[PDB]
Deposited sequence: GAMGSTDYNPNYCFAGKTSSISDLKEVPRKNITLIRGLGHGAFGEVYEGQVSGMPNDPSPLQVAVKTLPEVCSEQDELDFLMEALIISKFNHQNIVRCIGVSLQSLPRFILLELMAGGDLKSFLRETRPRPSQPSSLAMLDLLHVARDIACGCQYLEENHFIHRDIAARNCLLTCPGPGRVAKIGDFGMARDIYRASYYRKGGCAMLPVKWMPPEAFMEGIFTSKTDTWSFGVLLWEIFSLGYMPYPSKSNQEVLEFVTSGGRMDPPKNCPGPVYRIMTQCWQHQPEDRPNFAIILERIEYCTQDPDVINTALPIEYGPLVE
């Protein structure tokens, strides 16, 4: 991997200074841990019962995440490969994953989130995606499940937190030239971000709600697109549909998406819109 970089360059942190407090999620388990005054981290694990391709998949991920340097991308604190099971030390973000956060902070009788908060989450991810595109990296799995938040209160920062699909399928998140032709460019991530925008403004709904995979395949290929989420404003939905243009030569880059997300923030008719319950 190059971004130029070898396993040489990672920070090998000894297993003696690592222990795992609690489990967080699961391919392969992921826990919360401590290191060293104590440092709080997230620990991704390679199960010791594994094959050869699993090994060069696990480290692959380690060098890729370690080569990034961006505030909207999960930091790699350290690495523990010389002790079985091999670890990847990652930035711990107390806000949890994005899909859970929106479904759990969904307003209910209360005034949990306003629309300005979700525009910030979308721009946080859009700025991280701009960093990937500028450095010619294609993610291939821009979804709400792979996004994390530093904290739950105001001032939260969203960050892309996983690179599982970027090894070297999420039908509902991929453009036609992806699932039918196997082509992947920076415009493939533009389509997925548009689906992510829909996840954000629907507050965690599953895209194409009652459609299975092949239904989405034939629906998207024939020109069909999703309806706006409940109470979604005009300028926001137009960003989703511009991301879902059939020809990738007409979808916008992440510099243009960032500008349009900025303008909706500068629109009182957008940020004063009430979220449903």
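What the model leaves out of the deposited chain are the segments 1-11, 15-17, 41-42, 53-58, 132-133, 193-206, 316-322.
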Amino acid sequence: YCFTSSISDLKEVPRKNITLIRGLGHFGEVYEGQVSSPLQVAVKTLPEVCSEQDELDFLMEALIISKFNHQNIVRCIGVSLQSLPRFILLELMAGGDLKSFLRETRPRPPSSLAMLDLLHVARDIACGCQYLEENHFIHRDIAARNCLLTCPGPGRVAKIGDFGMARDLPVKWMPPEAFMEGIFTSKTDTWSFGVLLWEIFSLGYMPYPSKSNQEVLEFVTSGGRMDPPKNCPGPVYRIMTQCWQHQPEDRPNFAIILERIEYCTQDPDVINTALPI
From here on, numbers count along this sequence of modelled residues.
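The term rigid core refers to the maximal set of C-alpha atoms that superpose within 1.5 Å between the two forms.
Comparing 159-167 with 138-146 by root mean square Cα distance to the shown form in 5 other deposited structures of this protein, with the rigid core used for the fit, gives 159-167 as the more displaced stretch. After superposing on the rigid core, the larger RMS C-alpha deviation in 5 other deposited structures of this protein belongs to 112-120, the other candidate being whichever of 112-120 and 193-201 remains. In the record comparison, residue 37 is unmodelled in at least a third of the other entries of this protein that model the residues flanking it. Mean C-alpha B-factor is higher over 45-53 than over the other stretch, the pair under comparison being 45-53 and 242-250. Comparing 83-91 with 133-141, the stretch with the higher mean C-alpha B-factor in the PDB entry is 83-91. Of the candidates 224, 28, 234, 229, it is 28 whose Cα B-factor is highest according to the PDB record. Per the deposited coordinates, the residue with the largest Cα temperature factor out of 111, 100, 146, 192 is 111.
Looking at the C-alpha B-factors along this chain, the one for residue 75 belongs to the middle third.
Residue 153: CA B factor in the middle third of modelled residues in this chain (values from the PDB entry). When the modelled residues of the chain are ordered by their C-alpha B factor, residue 13 lands in the middle third. The PDB entry assigns residue 266 a C-alpha temperature factor belonging to the middle third of its chain's modelled residues.
Among all modelled residues in its chain, residue 124 ranks in the lowest third by Cα B-factor.
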